[PDB]
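Presented below, as structure tokens, is a lone chain in the form deposited in one PDB entry.
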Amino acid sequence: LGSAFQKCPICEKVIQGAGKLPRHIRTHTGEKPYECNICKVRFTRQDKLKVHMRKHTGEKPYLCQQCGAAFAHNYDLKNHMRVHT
């Protein structure tokens, strides 16, 4: 009822955080909308994709600031950036 909490429409559990209901709903539906650009593994949250990318940034340190895609060469990252703008 408070602005800090939401009720899940599927399971009626209370969830904390104004924007944090969608990440809970995806745990029901299985939606994994974040994909590692290197190994294509998918994740339910940007949260855990960012941590997963640590596996790759040792060899691919050039990171997109919009989506976190990792690249071995800066000219690869620059070509990626065309996709955003």
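Position 1 is the first residue in the sequence shown; the rest follow in order.
Stretches compared: 18 to 26, 60 to 68. Higher mean C-alpha B-factor in the entry: 60 to 68. Split the chain's modelled residues into thirds by C-alpha temperature factor. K32 is in the lowest one. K40: CA B factor lies in the highest third for its chain, per the PDB record.
Heads up, the form deposited in another entry isn't pictured, but that's what we're talking about next.
Of the two rigid parts that account for the rearrangement between the shown form and the other one, one contains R42 and the other contains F71. Annotation for the pair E59/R54: C-alpha atoms approach each other in that other deposited form, by 3 Å or more compared with this form. In summary, the C-alpha positions of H80 and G30 diverge in that other deposited form, ending up at least 3 angstroms farther from each other than in this conformation.
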